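Here's the structure, in structure tokens; my notes come after.
In what follows, every heavy atom counts, from backbone to side chain, and hydrogens, waters and symmetry copies are set aside. Quick note on labels: first sequence line is chain A, next is B, and so on, each numbered from 1.
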Amino acid sequence: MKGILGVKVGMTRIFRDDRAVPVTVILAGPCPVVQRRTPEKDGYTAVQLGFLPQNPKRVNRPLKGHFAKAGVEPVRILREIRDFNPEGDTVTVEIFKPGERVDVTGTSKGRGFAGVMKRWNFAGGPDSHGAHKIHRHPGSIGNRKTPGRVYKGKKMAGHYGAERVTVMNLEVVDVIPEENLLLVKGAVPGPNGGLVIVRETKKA
Amino acid sequence: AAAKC
Amino acid sequence: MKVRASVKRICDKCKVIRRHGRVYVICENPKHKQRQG
Amino acid sequence: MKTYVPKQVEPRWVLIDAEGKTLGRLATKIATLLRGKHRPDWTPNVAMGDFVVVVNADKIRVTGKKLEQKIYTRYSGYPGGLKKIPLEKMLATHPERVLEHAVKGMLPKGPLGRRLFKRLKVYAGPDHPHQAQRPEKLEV
Amino acid sequence: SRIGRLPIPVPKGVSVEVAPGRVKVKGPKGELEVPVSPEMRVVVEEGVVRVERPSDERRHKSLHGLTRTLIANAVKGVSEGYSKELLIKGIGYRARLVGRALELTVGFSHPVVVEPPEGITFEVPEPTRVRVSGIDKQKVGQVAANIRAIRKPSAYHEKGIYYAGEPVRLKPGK
RNA sequence: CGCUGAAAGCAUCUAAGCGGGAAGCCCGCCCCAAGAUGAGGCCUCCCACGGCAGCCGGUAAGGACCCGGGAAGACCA
RNA sequence: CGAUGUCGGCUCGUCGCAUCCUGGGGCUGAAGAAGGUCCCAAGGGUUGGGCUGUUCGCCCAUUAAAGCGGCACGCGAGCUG
RNA sequence: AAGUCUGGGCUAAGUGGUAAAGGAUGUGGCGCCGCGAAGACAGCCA
Ligand SMILES: [K+]
Ligand SMILES: [K+]
Ligand SMILES: [K+]
Ligand SMILES: [K+]
Ligand SMILES: [K+]
Ligand SMILES: [K+]
Ligand SMILES: [Mg+2]
Ligand SMILES: [Mg+2]
Ligand SMILES: [Mg+2]
Ligand SMILES: [Mg+2]
Ligand SMILES: [Mg+2]
Ligand SMILES: [Mg+2]
Ligand SMILES: [Mg+2]
Ligand SMILES: [Mg+2]
Ligand SMILES: [Mg+2]
Ligand SMILES: [Mg+2]
Ligand SMILES: [Mg+2]
Ligand SMILES: [Mg+2]
Ligand SMILES: [Mg+2]
Ligand SMILES: [Mg+2]
Ligand SMILES: [Mg+2]
Ligand SMILES: [Mg+2]
Ligand SMILES: [Mg+2]
Ligand SMILES: [Mg+2]
Ligand SMILES: [Mg+2]
Ligand SMILES: [Mg+2]
Ligand SMILES: [Mg+2]
Ligand SMILES: [Mg+2]
Ligand SMILES: [Mg+2]
Ligand SMILES: [Mg+2]
Ligand SMILES: [Mg+2]
Ligand SMILES: [Mg+2]
Ligand SMILES: [Mg+2]
Ligand SMILES: [Mg+2]
Ligand SMILES: [Mg+2]
Ligand SMILES: [Mg+2]
Ligand SMILES: [Mg+2]
Ligand SMILES: [Mg+2]
Ligand SMILES: [Mg+2]
Ligand SMILES: [Mg+2]
Ligand SMILES: [Mg+2]
Ligand SMILES: [Mg+2]
Ligand SMILES: [Mg+2]
Ligand SMILES: [Mg+2]
Ligand SMILES: [Mg+2]
Ligand SMILES: [Mg+2]
Ligand SMILES: [Mg+2]
Ligand SMILES: [Mg+2]
Ligand SMILES: [Mg+2]
Ligand SMILES: [Mg+2]
Ligand SMILES: [Mg+2]
Ligand SMILES: [Mg+2]
Ligand SMILES: [Mg+2]
Ligand SMILES: [Mg+2]
Ligand SMILES: [Mg+2]
Ligand SMILES: [Mg+2]
Ligand SMILES: [Mg+2]
Ligand SMILES: [Mg+2]
Ligand SMILES: [Mg+2]
Ligand SMILES: [Mg+2]
Ligand SMILES: [Mg+2]
Ligand SMILES: [Mg+2]
Ligand SMILES: [Mg+2]
Ligand SMILES: [Mg+2]
Ligand SMILES: [Mg+2]
Ligand SMILES: [Mg+2]
Ligand SMILES: [Mg+2]
Ligand SMILES: [Mg+2]
Ligand SMILES: [Mg+2]
Ligand SMILES: [Mg+2]
Ligand SMILES: [Mg+2]
Ligand SMILES: [Mg+2]
Ligand SMILES: [Mg+2]
Ligand SMILES: [Mg+2]
Ligand SMILES: [Mg+2]
Ligand SMILES: [Mg+2]
Ligand SMILES: [Mg+2]
Ligand SMILES: [Mg+2]
Ligand SMILES: [Mg+2]
Ligand SMILES: [Mg+2]
Ligand SMILES: [Mg+2]
Ligand SMILES: [Mg+2]
Ligand SMILES: [Mg+2]
Ligand SMILES: [Mg+2]
Ligand SMILES: [Mg+2]
Ligand SMILES: [Mg+2]
Ligand SMILES: [Mg+2]
Ligand SMILES: [Mg+2]
Ligand SMILES: [Mg+2]
Ligand SMILES: [Mg+2]
Ligand SMILES: [Mg+2]
Ligand SMILES: [Mg+2]
Ligand SMILES: [Mg+2]
Ligand SMILES: [Mg+2]
Ligand SMILES: [Mg+2]
Ligand SMILES: [Mg+2]
Ligand SMILES: [Mg+2]
Ligand SMILES: [Mg+2]
Ligand SMILES: [Mg+2]
Ligand SMILES: [Mg+2]
Ligand SMILES: [Mg+2]
Ligand SMILES: [Mg+2]
Ligand SMILES: [Mg+2]
Ligand SMILES: [Mg+2]
Ligand SMILES: [Mg+2]
Ligand SMILES: [Mg+2]
Ligand SMILES: [Mg+2]
Ligand SMILES: [Mg+2]
Ligand SMILES: [Mg+2]
Ligand SMILES: [Mg+2]
Ligand SMILES: [Mg+2]
Ligand SMILES: [Mg+2]
Ligand SMILES: [Mg+2]
Ligand SMILES: [Mg+2]
Ligand SMILES: [Mg+2]
Ligand SMILES: [Mg+2]
Ligand SMILES: [Mg+2]
Ligand SMILES: [Mg+2]
Ligand SMILES: [Mg+2]
Ligand SMILES: [Mg+2]
Ligand SMILES: [Mg+2]
Ligand SMILES: [Mg+2]
Ligand SMILES: [Mg+2]
Ligand SMILES: [Mg+2]
Ligand SMILES: [Mg+2]
Ligand SMILES: [Mg+2]
Ligand SMILES: [Mg+2]
Ligand SMILES: [Zn+2]
């Protein structure tokens, strides 16, 4: 179990063994170690990692003292990697080698208030043959007098996206330590510029 | 409702 | 296994036993195996 | 003449060991102490019972085949949301809940009964963190 | 017409110390613990162990027979031992011994290896004969049953893994 | 489906005890979650101003208003 | 009866198990393969089309299979007519 | 609200706390008969 914080850069494709490989580029390193969580004091094992260094004029006193205890420059993002205890005080892309599999967590793009056709892939209504103002409507939401109510968890229109999403078992295609770049095969949640977390996969 | 017969 | 409400010895070698709250007929002839159910 | 009304009194802290006790027959005695019905000045509309500390709750005893046959149920409000947990599993994972559940069902419903449940402190194991209150040991 | 009233003719080299709810047997082959119901009294005398029951109802008559035979099995185990013999039959089927673990070639696409548990010893005098030995009658029977369950005797052919002395009963297939 | 084994000298998967065994059950995977009023935990920051388990002000660490915006968004957040 | 809208279709489901498929077993008049019958099992799944307003049924081409029922014969302040 | 009251017995199924014909070495209690050191039932050699 090991992980690193990063930023989604973009998508392209590379050629390998006469095959086109769609990849997502991620700028990951370097992550200073800010705090370590221990079972003796916290009840579990984790490491708090920092990312995206910040102008000191925007750091308030509670955060400045927190950074000063670790002896690091103030960063913008603080995130924990559960069950990880890095050897040094800084985590880099070198922790990953090509061929390894990773899980990537990010915040998916936000669709706002979305209808049942987009949020839940509802069939909707007919577009001709007398259909009356119900083309994108959900249809029936229940039964009669029994039970005379709507179940909890009923699929309805509402906020869609802008939520935490993890994609599992992505293959690491290339590691470029000069520019702190990690290449993973396939697609990663969120927009370009959004924060992501790359961890060793839970699959086997 | 309509014709109920 | 035969599962029925009326379990009885079919032949002179059939044996009636009770295990875990159920009546069974067990016998050397595999056709004679029975459970009450 | 009018019936005597007690004035507020500092309450008593009591310590009970649950080692080897029958679950239901112990829960009855606890519920009586929480209600304060052992006091000649008992009043139905005030909280005037004892604070009860229980230790070794994981070592409660049950008769028959209740370890595999007694089922606790929880309903989540979702379709198919009825969860069933046998007693032996509850003892392994949340031992304190078994005695807590038995006592709660024996208290009056409503605001006062909810407060009385707050005065019960159940621990699995022989130690409790209430040494400052100095609970006097009681034989049940 | 009883089982629990007979004392156990314990031989020398075997020492049995009674205990609350337990009987500890020590011999030249090893030691065994035999949990005895506290509802009964076990007494050890000169070269004899005898079990008595405290009443005459169904439960105490049932435990009297159970208590004596288990102790007698334990004392026999640490004096003479216990064994079970398995036969492997079929044209290509056979067995061999890998280190301490046993090897089965029983017509699967892969070989099957069995790791003996603690207190159990394997012997392969012939490729078509396996012996299981140990001090525990329950474990000897269980381990022998485990190996037989790998390839049970066929109902149409004289092929598979059989107990010593197990009769062969076939039915026509054509 | 068994191992050991009584009652019932035999036998028996059972009465004591111990194993094997399902796309099913409990964890495990992903997501939400301390209004979990049982309101949890850890790191850092601020300090004992004045005037008389409370009342009136001036502040601290911080926050809000306002403004430029945003793959965030009905408004709000 | 100072009103409880009635078939079929569509949409949206959810539940039961007397189980259609998939998982696990006993027996077989079980050589093998393919079946028959009973037991356990409701997690998931259970196609497209022609005829007819049809439900139902028949037919075509498939499939691991093309289950049976409840929910005011589920669902018109959701649509159709 | 008032007996974790007293004495004797039964049940192990949470039966009690939702059903029939039928089936069964469940368990407790009583009986009628048979064969029994004119050595019996079971086990073992026939
Ligand atoms: K009417
Ligand atoms: K349905
Ligand atoms: K079958
Ligand atoms: K199912
Ligand atoms: K028709
Ligand atoms: K009877
Ligand atoms: Mg985190
Ligand atoms: Mg992101
Ligand atoms: Mg993110
Ligand atoms: Mg987003
Ligand atoms: Mg929007
Ligand atoms: Mg829509
Ligand atoms: Mg869509
Ligand atoms: Mg839309
Ligand atoms: Mg759309
Ligand atoms: Mg969608
Ligand atoms: Mg969605
Ligand atoms: Mg969808
Ligand atoms: Mg559609
Ligand atoms: Mg519609
Ligand atoms: Mg529609
Ligand atoms: Mg459409
Ligand atoms: Mg239209
Ligand atoms: Mg039309
Ligand atoms: Mg139309
Ligand atoms: Mg239409
Ligand atoms: Mg139209
Ligand atoms: Mg119209
Ligand atoms: Mg329509
Ligand atoms: Mg309309
Ligand atoms: Mg229109
Ligand atoms: Mg439409
Ligand atoms: Mg609608
Ligand atoms: Mg619906
Ligand atoms: Mg209706
Ligand atoms: Mg209605
Ligand atoms: Mg209702
Ligand atoms: Mg509903
Ligand atoms: Mg739901
Ligand atoms: Mg839901
Ligand atoms: Mg919804
Ligand atoms: Mg909606
Ligand atoms: Mg929204
Ligand atoms: Mg019959
Ligand atoms: Mg009171
Ligand atoms: Mg009280
Ligand atoms: Mg009990
Ligand atoms: Mg129990
Ligand atoms: Mg359900
Ligand atoms: Mg259900
Ligand atoms: Mg649910
Ligand atoms: Mg048992
Ligand atoms: Mg199941
Ligand atoms: Mg499973
Ligand atoms: Mg919450
Ligand atoms: Mg939280
Ligand atoms: Mg709030
Ligand atoms: Mg809640
Ligand atoms: Mg809180
Ligand atoms: Mg506004
Ligand atoms: Mg706005
Ligand atoms: Mg806004
Ligand atoms: Mg919002
Ligand atoms: Mg805001
Ligand atoms: Mg009216
Ligand atoms: Mg009216
Ligand atoms: Mg009407
Ligand atoms: Mg109406
Ligand atoms: Mg209608
Ligand atoms: Mg209709
Ligand atoms: Mg129609
Ligand atoms: Mg209809
Ligand atoms: Mg329809
Ligand atoms: Mg439809
Ligand atoms: Mg359609
Ligand atoms: Mg429909
Ligand atoms: Mg539909
Ligand atoms: Mg709907
Ligand atoms: Mg649908
Ligand atoms: Mg169904
Ligand atoms: Mg069934
Ligand atoms: Mg099947
Ligand atoms: Mg099957
Ligand atoms: Mg076959
Ligand atoms: Mg059957
Ligand atoms: Mg069966
Ligand atoms: Mg069945
Ligand atoms: Mg089922
Ligand atoms: Mg069901
Ligand atoms: Mg079911
Ligand atoms: Mg087609
Ligand atoms: Mg069709
Ligand atoms: Mg077509
Ligand atoms: Mg058709
Ligand atoms: Mg045509
Ligand atoms: Mg056509
Ligand atoms: Mg048609
Ligand atoms: Mg038709
Ligand atoms: Mg037509
Ligand atoms: Mg037809
Ligand atoms: Mg066809
Ligand atoms: Mg066809
Ligand atoms: Mg097919
Ligand atoms: Mg109904
Ligand atoms: Mg109805
Ligand atoms: Mg109708
Ligand atoms: Mg209908
Ligand atoms: Mg219907
Ligand atoms: Mg209807
Ligand atoms: Mg309908
Ligand atoms: Mg409808
Ligand atoms: Mg309707
Ligand atoms: Mg209408
Ligand atoms: Mg209609
Ligand atoms: Mg309606
Ligand atoms: Mg209406
Ligand atoms: Mg209505
Ligand atoms: Mg229509
Ligand atoms: Mg109509
Ligand atoms: Mg018309
Ligand atoms: Mg018309
Ligand atoms: Mg009494
Ligand atoms: Mg009874
Ligand atoms: Mg029962
Ligand atoms: Mg019953
Ligand atoms: Mg009951
Ligand atoms: Mg009952
Ligand atoms: Zn028979």
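- Counting any heavy atom pair closer than 4.0 Å across all strands shown, E:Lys84 reaches sugar-phosphate atoms only and no base atom.
- Remark: H:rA42 and H:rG43 stack on each other (six-membered ring centres under 5.5 Å, interplanar angle under 30°).
- Across all strands shown, F:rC42 has no partner, as no Watson-Crick or G-U wobble contact with both distances under 3.5 Å is found.
- Among the nucleotides H:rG14, F:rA7, F:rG62, the one closest to any side-chain atom of A:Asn60 is F:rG62.
- OP1 or OP2 of F:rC31 has at least one side-chain nitrogen or oxygen of A:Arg164 nearer than 4.0 Å.
- The two residues A:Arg37 and A:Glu80 make their nearest non-hydrogen contact at NE-OE2, 2.9 Å.
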What N/O pairs connect the protein and nucleotides 40-42 of chain F at under 3.5 Å? Give each pair on its own line.
residue, atom, partner, partner atom, Å
F:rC42, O4', A:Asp42, OD1, 3.4
F:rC42, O2', A:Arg37, NH1, 3.1
F:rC42, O2', A:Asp42, OD1, 3.0
F:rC42, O2, A:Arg37, NH1, 3.0

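- Residue A:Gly130 is in sugar-phosphate contact alone, with no base atom involved, counting any heavy-atom pair closer than 4.0 Å across all strands shown.
- A:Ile134 comes within contact range of the sugar-phosphate backbone alone, with a heavy-atom separation under 4.0 Å but no base atom that close.
- Residue D:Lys89 is classed as a sugar-phosphate contact, given heavy-atom separations below 4.0 Å to backbone atoms only.
- The residue B:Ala3 sits close to a base: some heavy atom pair falls under 4.0 Å.
- As judged by a 4.0 angstrom heavy-atom cut-off over every strand, A:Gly193 is placed among residues making no nucleic acid contact.
- The neighbouring residues G:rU14 and G:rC15 form a stacked base step, their six-membered rings being less than 5.5 angstrom apart at the centres and less than 30 degrees apart in plane orientation.
- Without hydrogens or angle criteria, A:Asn60 side chain to A:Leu63 main chain gives a donor-acceptor distance under 3.5 Å.
- The partner of G:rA61, taking Watson-Crick or G-U wobble pairs whose two distances both stay under 3.5 Å, is G:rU47.
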Could you pull out the protein-nucleic contacts involving nucleotides 74-77 of chain F (nitrogen or oxygen on both sides, under 3.5 Å)?
residue, atom, partner, partner atom, Å
F:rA74, OP2, A:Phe113, N, 3.1

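- Using a cut-off of 5.5 angstrom for ring-centre distance and 30 degrees for interplanar angle, F:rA48 is classed as not stacked on F:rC49.
- One finds a side-chain N or O of D:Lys65 lying less than 4.0 angstrom from the OP1 or OP2 phosphate oxygen of H:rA13.
- Considering only side-chain atoms of E:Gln138, the nucleotide from F:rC29, F:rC1, F:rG17 that sits closest is F:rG17.
- Residue contacts shown for A:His132 are limited to sugar-phosphate atoms, with no base heavy atom under 4.0 Å away.
- At a threshold of 4.0 angstrom between heavy atoms, the contacts of A:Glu163 with the nucleic acid are absent.
- The side chain of E:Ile3 sits closest to F:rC10 out of G:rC79, F:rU12, F:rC10.
- In this structure, D:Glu100 has no salt bridge (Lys or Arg N to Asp or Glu O under 4.0 Å) partners at least two apart in sequence or on a different chain.
- Of the candidate nucleotides F:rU44, H:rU25, H:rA13, F:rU44 has the atom lying nearest to any side-chain atom of A:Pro62.
- For A:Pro191, counting side-chain heavy atoms from C-beta on, the closest listed nucleotide (F:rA16, F:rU44, F:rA71) is F:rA71.
- Contact annotation: D:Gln69 side-chain N/O to H:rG14 OP1/OP2 distance is under 4.0 Å.
- Between E:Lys137 and F:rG5 there is a side-chain N or O to OP1 or OP2 distance below 4.0 Å.
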Give me, pair by pair, the N or O atoms of the protein and of nucleotides 43-47 of chain G that are less than 3.5 Å apart, along with how far apart they are.
none

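- Under a 3.5 Å limit on both donor-acceptor distances, the bases of G:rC27 and G:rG5 fail the Watson-Crick or G-U wobble criterion.
- Distances were taken from every side-chain heavy atom of A:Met168 (C-beta onward) to each of F:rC29, F:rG63, F:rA71; the shortest belongs to F:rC29.
- Applying the 4.0 Å criterion to OP1 and OP2 of F:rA71, one finds that A:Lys8 has every side-chain N and O outside that range.
- A sub-4.0 Å separation between OP1 or OP2 of H:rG28 and a side-chain N or O of E:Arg58 is present.
- Note on A:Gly110: only backbone sugar-phosphate atoms sit closer than 4.0 angstrom, heavy atoms only; bases stay farther off.
- Not both conditions hold for F:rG28 and F:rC29, whose six-membered rings lack centres under 5.5 angstrom apart with planes under 30 degrees, so their bases do not stack.
- Of the residues in residues 19-37 of chain C, C:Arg19, C:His20, C:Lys33 come within less than 4.0 Å of RNA chain F through at least one heavy atom, sorted by number.
- Atom name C1', nucleotides F:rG28 and F:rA39: the rounded distance is 30 Å, in whole Å.
- Distances shown here put a side-chain N or O of A:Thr166 below 4.0 Å from the OP1 or OP2 atom of F:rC31.
- Checking the phosphate oxygens (OP1, OP2) of F:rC1, no side-chain nitrogen or oxygen of E:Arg148 falls inside 4.0 Å.
- Backbone-only engagement by D:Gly80 is indicated by non-hydrogen atom pairs under 4.0 Å involving sugar-phosphate atoms exclusively.
- When the P atom is compared between G:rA3 and G:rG53, the two are found 38 Å apart, to the nearest whole Å.
- Listed pair D:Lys118 / F:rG38 meets the phosphate criterion, a side-chain N or O lying under 4.0 Å from OP1 or OP2.
- Distances shown here put a side-chain N or O of D:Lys37 below 4.0 Å from the OP1 or OP2 atom of H:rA1.
- Listed by residue number, A:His159 are the residues of residues 139-159 of chain A with a heavy-atom contact under 4.0 Å to RNA chain F.
- Among the atoms of the strands shown, none is found under 4.0 Å from any heavy atom of D:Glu88.
- Residue A:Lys202 places at least one side-chain N or O closer than 4.0 Å to OP1 or OP2 of F:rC30.
- Between F:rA16 and its strand neighbour F:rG17 the base rings stack, satisfying centres under 5.5 Å and planes under 30°.
- A salt bridge links E:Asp56 to E:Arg53: one of the charged nitrogens lies within less than 4.0 Å of a carboxylate oxygen.
- Judged purely by atom type and a 3.5 angstrom limit, A:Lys8 has no side-chain atom pairing as donor or acceptor with the backbone of A:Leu195.
- Minimum atom distance to the side chain of E:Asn73 is reached by F:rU4, of the listed H:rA1, F:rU4, G:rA30.
- Comparing the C1' positions of G:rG29 and F:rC10 gives an interatomic distance of 35 Å, to the nearest angstrom.
- In this entry G:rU14 has G:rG70 as its Watson-Crick or G-U wobble partner, both defining distances falling under 3.5 Å.
- Judged by the sign of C1'-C2'-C3'-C4', G:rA41 carries a north-puckered sugar.
- At the heavy-atom level, D:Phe117 lies under 4.0 Å from base atoms of the strands shown.
- The side chain of D:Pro79 approaches G:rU14 more closely than any other nucleotide in the set H:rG28, H:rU25, G:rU14.
- Counting any heavy atom pair closer than 4.0 Å across all strands shown, E:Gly173 reaches a base atom.
- Across all strands shown, G:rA77 has no partner, as no Watson-Crick or G-U wobble contact with both distances under 3.5 Å is found.
- Within 4.0 Å (heavy atoms only), E:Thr67 reaches no atom of the nucleic acid at all.
- F:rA23 takes the syn form, because its glycosidic angle lies no more than 90° either side of 0.
- Between G:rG2 and G:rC7, neither a Watson-Crick nor a G-U wobble pair is formed under the 3.5 Å criterion for both distances.
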